[PDB]
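Each remark here refers to the structure printed beneath this line.
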Amino acid sequence: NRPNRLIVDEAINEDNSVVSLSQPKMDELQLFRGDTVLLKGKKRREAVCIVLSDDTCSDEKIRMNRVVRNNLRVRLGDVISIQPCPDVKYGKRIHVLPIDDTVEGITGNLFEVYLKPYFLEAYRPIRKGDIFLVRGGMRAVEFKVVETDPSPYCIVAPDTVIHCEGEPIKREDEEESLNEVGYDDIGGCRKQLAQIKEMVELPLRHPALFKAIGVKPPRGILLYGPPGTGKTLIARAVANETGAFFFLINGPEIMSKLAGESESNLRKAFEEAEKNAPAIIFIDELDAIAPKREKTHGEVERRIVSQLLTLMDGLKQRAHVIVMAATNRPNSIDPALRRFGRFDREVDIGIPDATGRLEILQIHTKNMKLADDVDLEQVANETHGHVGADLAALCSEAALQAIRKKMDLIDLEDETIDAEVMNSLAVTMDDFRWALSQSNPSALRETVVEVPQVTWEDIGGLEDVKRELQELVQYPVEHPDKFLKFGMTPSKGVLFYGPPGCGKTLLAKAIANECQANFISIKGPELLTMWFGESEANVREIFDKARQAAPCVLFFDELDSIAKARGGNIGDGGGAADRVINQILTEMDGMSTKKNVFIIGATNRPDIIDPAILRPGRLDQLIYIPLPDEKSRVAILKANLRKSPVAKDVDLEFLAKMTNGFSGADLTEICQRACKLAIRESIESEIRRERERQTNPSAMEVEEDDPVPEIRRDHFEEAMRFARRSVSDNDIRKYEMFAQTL
Amino acid sequence: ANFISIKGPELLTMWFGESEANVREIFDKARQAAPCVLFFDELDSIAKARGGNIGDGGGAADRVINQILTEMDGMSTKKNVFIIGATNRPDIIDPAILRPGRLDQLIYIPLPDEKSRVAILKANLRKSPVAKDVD
């Protein structure tokens, strides 16, 4: 498009990049060997381009390939202007240190072998620590320098005596890992990261713009959840592109045999570094700093808090020392920094999403090519609950399971493993799916325990109700287009007036297993404690967990036990329980109307539950349920029998006909009684056979294995005769009146 | 003005006993926030038809009814305490006040009759996605 806007293409010459200046480029600034025409690189980077080109036959355009950028370690977005470097000078003394990777491997004297390939045709620019690959030998000649005074490195001359230092340097080995400042773990918070970068670098790089606008640098923020789940990862990525280092927030500094002066020393060191270069504050979570003297004051604690507030307020306004603040739990945040003047501006904490999930999955795949059939988009959409490094942990678990299977089926490998097997250790989409199904959210792991999973199909009846629930679960979540077209938010749903004893808990568990999403279910003993305000804390924790793991339905038990009004049980615990219930309702009526905040309620009969907050202004929306049926009873009985060893002679039709007025628990009980009778018969037959074998050792192997592999119709009839129904007409009337109370 | 938007069974079916408790609470709120228009809407819901004339429950219900009558017969006479109740029937909520017994002037604020349901549904459909032929 333009002579300056170069295109990217593979060069037709031997080099993979066409490093050849155009007529204007080679006329305005010609690159020469004697005059180092260093490009406008990042962080004072100097590079030289030597690519063969035939300009006499045809005119070629400048091409910037990826190989040149990788070799020079120059990031995109910076204009590379080749101009003579006047800041490059010779050093007073060059103390070349022996590189351990280069010293170990060279036959004979290390100096002679190193100087043999370093005397001429070095094919590397004059810069210390420059990543230059040497063609031939399969060993890059890393010119490690102990200390270079002039520019990045001194001129390569033999006029300086090389002295071997008493101690080595591991910067070359550490930079390989330290360079891993990937934005892939910052997927979703790109806007916040860009704002932070602008407020940090550009504001420090262009203080005149800040002076003209009149706004100084802000205090900053961090990410909640684990470090590396958004906090340590962000900190390390920022530090990788940081001028002066920050100081980690370890409270143990002043906490010593000294007088606590370590805080003052830290402030002084921060001032010295900020004067030296643009430094930051490696602020830990808000809890690490102070609760704002909420729990206790603490003599040294209050002194340190005051000193920190003084340093933050009377900061080096002239030096514009960018003290990076954080964002942990707001309760952990002290008010002084939360107030303007101590901390300039504190921002929120980032959160994960499906796009960030895809980014983290891309990072993990870049770490190692696990599978060739894994649908990263499908997993990320499925992985709604996983946040932060949880996705990476799940990927590692999938790799571990797949590798365990492959090795155990391959070889114990107590000494060594097959290199063919090692190269053939790729993970599978099936392995990833199996681990993910085994996997669960990190917060839920600290939150809830497992339960017996069942299939929504495995439970029969309420097909319309099941369809409505599934639609509410998916079309409001799995379809954002449905939300856009409708606009109506999902209904809360108050309490399914379901079967009294068969358990709406069964339906809830089957749905949650079928739902494959965050699900909240607790009992009434959850919050009541001999700790003042403990119930309110429990409610707040539940709400915060739901907000973190939305969408989730609160299948809270003790619905009647919480729905009862303030009066009646005079005087309960002086109303403190009523106060907690009211707060929770206000915390939930009353909850955050976003991210599909859902709840699930049910009772044997609604009459026990008082509609104090169950009104559809405090319960938002409502959803009731019916009692059992007869055809649905036959269906549920058929499902239960299908789950078990069925029989043909049993009159299931007449059983269903008699089963018009029963409950599903009653059918399960009849099945259990028949199974018990069958097991008793089998045990009796086995006892008779053993007695015969003992009395006559000839009848041991002359008996059928299953005397009744199917259910004896006689056994079923006897169980029915011994059985009774749990249907109560007065209870039916009460439940109907509660329904009639609508 | 910050009208005291009262609930339904929150003044008559008072949770602290008879209606007098919630009446006094509303009186204190209106005196501390005058003019707090005590919008005690849904008088039919406000009464909530407690009932239960058995043992002490009947005493509690009678006390609640008498306290409601007393509140309707003298309360915080400031802050414009207007109770726009729901009249399901002539005796559904406080028949004596429905008759010219408790309220000398039962001032019902009449509203112009509109197809406000139609307009609200139109606004909702505009907020959603329904168009073209709409009878």
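Here, A, B, ... name the chains of the structure tokens in the order displayed, residue numbers run from 1 inside each chain, and ligands are numbered from 1 in the same displayed order.
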
Skip stretch 553-565 of chain A itself and residues of its chain fewer than 4 positions away, then list as a ChimeraX atom specification all residues within 6 Å of it, counting only C-alpha atoms. /A:519-524,598-601,608-610,612

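Omitting stretch 364-373 of chain A and its sequence neighbours fewer than 5 positions away, and counting only C-alpha atoms, the residues within 6 Å are residues 426, 427, 428 and 429 of chain A.
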
Keeping only N, CA, C and O atoms, take the residues you just selected and write them out as a tab-separated table (two decimals), in the first residue's frame.
```
chain	number	residue	atom	x	y	z
A	426	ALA	N	0.28	-38.06	22.70
A	426	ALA	CA	-0.72	-37.03	22.48
A	426	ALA	C	-2.02	-37.37	23.19
A	426	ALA	O	-2.44	-38.53	23.24
A	427	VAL	N	-2.66	-36.34	23.74
A	427	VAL	CA	-3.93	-36.51	24.44
A	427	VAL	C	-5.04	-36.62	23.41
A	427	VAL	O	-4.82	-36.40	22.21
A	428	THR	N	-6.23	-37.01	23.85
A	428	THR	CA	-7.36	-37.17	22.94
A	428	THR	C	-8.49	-36.27	23.43
A	428	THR	O	-8.60	-35.95	24.61
A	429	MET	N	-9.34	-35.86	22.49
A	429	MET	CA	-10.56	-35.15	22.85
A	429	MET	C	-11.41	-35.97	23.81
A	429	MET	O	-12.05	-35.41	24.70
```

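Distance-wise, atom CA of residue A:260 and atom CA of residue A:304 end up 7.7 Å apart.
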
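Candidate residues B:104, B:67, B:124, B:55 were compared for distance to chain A, and the nearest is B:124, using only C-alpha atoms.
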
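The spacing separating atom CA of residue B:42 from atom CA of residue B:10 amounts to 10.2 Å.
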
Return the neighbours of chain A among the residues of chain B, cut-off 12 Å, counting only C-alpha atoms, as a VMD selection string. chain B and resid 7 to 10 13 to 18 45 48 to 49 56 to 57 60 123 to 131

Can I get the selected residues back with N, CA, C and O atoms, as a compact mmCIF listing (two decimals), in the first residue's frame?
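Written output follows (again_16.txt):
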```txt
# COMPACT_ATOMS: atom_id res chain seq x y z
N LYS B 7 -47.08 -1.72 52.10
CA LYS B 7 -47.37 -3.03 51.54
C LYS B 7 -48.84 -3.37 51.80
O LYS B 7 -49.64 -2.51 52.16
N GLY B 8 -49.20 -4.64 51.62
CA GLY B 8 -50.56 -5.07 51.82
C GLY B 8 -50.75 -5.52 53.26
O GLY B 8 -50.88 -4.69 54.16
N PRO B 9 -50.77 -6.83 53.50
CA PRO B 9 -50.87 -7.30 54.90
C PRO B 9 -49.64 -6.92 55.72
O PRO B 9 -48.88 -7.76 56.22
N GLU B 10 -49.42 -5.61 55.86
CA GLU B 10 -48.29 -5.07 56.61
C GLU B 10 -48.71 -3.98 57.59
O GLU B 10 -47.87 -3.50 58.36
N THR B 13 -52.78 -6.72 59.23
CA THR B 13 -52.24 -7.99 59.70
C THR B 13 -50.80 -7.78 60.16
O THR B 13 -49.84 -8.34 59.62
N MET B 14 -50.66 -6.94 61.18
CA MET B 14 -49.36 -6.57 61.70
C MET B 14 -48.65 -7.79 62.30
O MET B 14 -49.25 -8.61 63.00
N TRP B 15 -47.36 -7.89 62.01
CA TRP B 15 -46.55 -9.01 62.48
C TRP B 15 -46.17 -8.89 63.95
O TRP B 15 -45.75 -9.88 64.55
N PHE B 16 -46.32 -7.70 64.54
CA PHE B 16 -46.03 -7.49 65.96
C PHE B 16 -47.29 -7.55 66.81
O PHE B 16 -47.34 -6.95 67.89
N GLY B 17 -48.32 -8.25 66.35
CA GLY B 17 -49.55 -8.40 67.10
C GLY B 17 -50.75 -7.83 66.38
O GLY B 17 -51.00 -8.16 65.22
N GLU B 18 -51.50 -6.98 67.07
CA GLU B 18 -52.66 -6.34 66.48
C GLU B 18 -52.20 -5.29 65.47
O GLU B 18 -51.02 -4.94 65.41
N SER B 45 -55.97 -7.12 50.66
CA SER B 45 -54.76 -7.84 51.03
C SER B 45 -54.22 -7.38 52.38
O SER B 45 -53.59 -8.17 53.09
N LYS B 48 -55.92 -9.37 54.96
CA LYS B 48 -55.40 -10.73 54.77
C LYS B 48 -56.33 -11.80 55.33
O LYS B 48 -56.00 -12.99 55.28
N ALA B 49 -57.49 -11.40 55.85
CA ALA B 49 -58.50 -12.33 56.36
C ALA B 49 -57.90 -13.37 57.30
O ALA B 49 -57.93 -14.57 57.01
N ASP B 56 -56.84 -18.49 72.22
CA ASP B 56 -56.20 -17.19 72.19
C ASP B 56 -56.08 -16.63 70.77
O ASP B 56 -55.91 -15.41 70.62
N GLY B 57 -56.17 -17.47 69.75
CA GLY B 57 -56.13 -16.98 68.38
C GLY B 57 -57.30 -16.07 68.05
O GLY B 57 -57.14 -15.06 67.36
N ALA B 60 -56.52 -12.76 69.57
CA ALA B 60 -55.56 -12.03 68.75
C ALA B 60 -56.22 -11.43 67.52
O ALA B 60 -55.95 -10.27 67.16
N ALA B 123 -45.81 -1.70 24.71
CA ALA B 123 -44.47 -1.33 25.15
C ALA B 123 -43.61 -2.56 25.39
O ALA B 123 -42.43 -2.59 25.01
N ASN B 124 -44.18 -3.58 26.03
CA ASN B 124 -43.44 -4.81 26.27
C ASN B 124 -43.04 -5.50 24.97
O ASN B 124 -41.90 -5.95 24.83
N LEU B 125 -43.97 -5.58 24.01
CA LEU B 125 -43.66 -6.20 22.73
C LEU B 125 -42.60 -5.42 21.97
O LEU B 125 -41.74 -6.01 21.31
N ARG B 126 -42.65 -4.08 22.05
CA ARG B 126 -41.57 -3.27 21.50
C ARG B 126 -40.25 -3.60 22.16
O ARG B 126 -39.21 -3.71 21.49
N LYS B 127 -40.26 -3.79 23.48
CA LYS B 127 -39.08 -4.25 24.20
C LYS B 127 -38.69 -5.67 23.82
O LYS B 127 -37.54 -6.06 24.07
N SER B 128 -39.59 -6.45 23.23
CA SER B 128 -39.29 -7.82 22.84
C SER B 128 -39.16 -7.91 21.33
O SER B 128 -38.35 -7.20 20.72
N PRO B 129 -39.94 -8.78 20.68
CA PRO B 129 -39.85 -8.90 19.22
C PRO B 129 -41.14 -9.40 18.58
O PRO B 129 -41.20 -10.52 18.09
N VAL B 130 -42.16 -8.55 18.60
CA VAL B 130 -43.43 -8.87 17.96
C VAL B 130 -43.80 -7.70 17.06
O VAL B 130 -43.70 -6.54 17.47
N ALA B 131 -44.20 -7.99 15.83
CA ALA B 131 -44.39 -6.92 14.85
C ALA B 131 -45.48 -7.26 13.84
O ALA B 131 -46.30 -8.16 14.07
```

Pick out the residues sitting within 12 Å of residue A:307, and hand them over as a count of residues only; count only C-alpha atoms, and ignore anything fewer than 2 positions along from it in its own chain. 25

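Here atom CA of residue A:576 and atom CA of residue B:26 stand 22.3 Å from one another.
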
Please report, as a ChimeraX atom specification, each residue of stretch 368-615 of chain A to which DSSP assigns helix (DSSP H, G or I) when run on this structure's backbone. /A:376-382,390-410,419-423,429-438,442-447,463-474,480-486,504-515,524-526,534-548,559-563,576-589,606-608

Find the residues near residue A:224: any atom within 7 Å, counting only C-alpha atoms, skip ones fewer than 5 places away on the same chain, and give them as a compact mmCIF listing (two decimals) with N, CA, C and O atoms, in the first residue's frame.
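Result saved to around.txt:
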```txt
# COMPACT_ATOMS: atom_id res chain seq x y z
N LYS A 231 -4.36 -12.79 39.45
CA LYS A 231 -3.57 -11.84 40.23
C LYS A 231 -2.08 -11.97 39.97
O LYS A 231 -1.45 -11.03 39.47
N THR A 327 -7.05 -5.19 43.98
CA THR A 327 -8.47 -5.36 44.22
C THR A 327 -8.72 -6.81 44.64
O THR A 327 -8.95 -7.71 43.83
N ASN A 328 -8.67 -7.04 45.95
CA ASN A 328 -9.14 -8.26 46.58
C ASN A 328 -10.57 -8.06 47.04
O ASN A 328 -11.25 -7.13 46.58
N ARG A 329 -11.05 -8.93 47.92
CA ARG A 329 -12.39 -8.80 48.48
C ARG A 329 -12.57 -7.42 49.10
O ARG A 329 -11.72 -6.95 49.86
N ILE A 349 -12.02 -5.93 40.08
CA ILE A 349 -11.26 -7.15 39.83
C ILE A 349 -11.87 -7.86 38.63
O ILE A 349 -13.10 -7.98 38.52
```

Using only C-alpha atoms, which protein or nucleic acid residues come within 7 Å of residue A:624? Drop anything in the same chain fewer than 3 positions from it, and give the result as an MDAnalysis selection string. chainID A and resid 495:497

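Using only C-alpha atoms for every distance, the candidate list B:21, B:69, B:1, B:98 yields B:98 as the residue closest to residue B:44.
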
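With only C-alpha atoms as the atoms that count, the minimum distance from residue A:130 to the choices A:500, A:388, A:611, A:152 is reached by A:152.
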
So which residues of stretch 54-127 of chain A fall under strand (DSSP E or B) by DSSP, listed as a count of residues only? 4
